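Enquirer: PDB entry and its sequence, pasted below:
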Amino acid sequence: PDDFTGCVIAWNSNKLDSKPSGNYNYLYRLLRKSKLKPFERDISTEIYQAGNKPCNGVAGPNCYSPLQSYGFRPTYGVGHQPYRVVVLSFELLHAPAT
């Protein structure tokens, strides 16, 4: 948000985020019609009707899979390794602090 208050804490966790099985879990979408509003999470699975014509459940022109898997390898150097980030937002309200 524009008036965001808090602290961003980032640290490398490649020793912790690497497992012998493989980090196949993480996936991402890189396209959206409009910029996401502040403090918005995109997890709801609605078939995104970007165009005026459905793909009709078949592959073809102008119908590509949006989801992509992150490319992480042990040979990647320091600096691009997966960094864990915690955003601690300290909301300054008028309610009892406690």
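Expert: Structure received. Numbering: from 1, shown residues only.

Enquirer: can you map out the helices along the chain?
Expert: 14-17 (DSSP state H).

Enquirer: closest to the centroid, which residue in it?
Expert: Among the residues of the chain, the one closest to the centroid is residue 28, at 5.9 Å (CA atoms, centre = their mean).

Enquirer: OK, contacts around that one?
Expert: 67-70 (CB atoms under 8 Å, 6 or more residues apart in numbering). Bear in mind the C-beta positions are built from the backbone N, C-alpha and C, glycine included.

Enquirer: can you check residue 89 too?
Expert: 4-6.

Enquirer: so which pair among the contacts of residue 28 is furthest apart in space?
Expert: 67 and 70 (10.8 Å; CB to CB).

Enquirer: neighbour count: those two, which is higher?
Expert: It is residue 70, of residue 67 and residue 70, that has more neighbours when counted by other CB atoms under 10 Å, with 11 against 8.

Enquirer: so what's the more buried one closest to, chain neighbours aside?
Expert: residue 26 (4.9 Å; CB to CB, 6 or more residues apart in numbering).

Enquirer: what about stretch 12-28, start to end distance?
Expert: Chord length of stretch 12-28, first to last residue, is 20 Å (CA to CA, to the nearest Å).

Enquirer: can you check stretch 15-30 too?
Expert: End-to-end distance (CA to CA), stretch 15-30: 27 Å.

Enquirer: ok, stretch 35-47 next?
Expert: Across stretch 35-47, first to last residue, CA to CA, it's 18 Å.

Enquirer: quick one on the thing from earlier: what bridges to the residue nearest to the centre of the chain?
Expert: According to DSSP bridges, the partner residues bridging residue 28 are residue 68.
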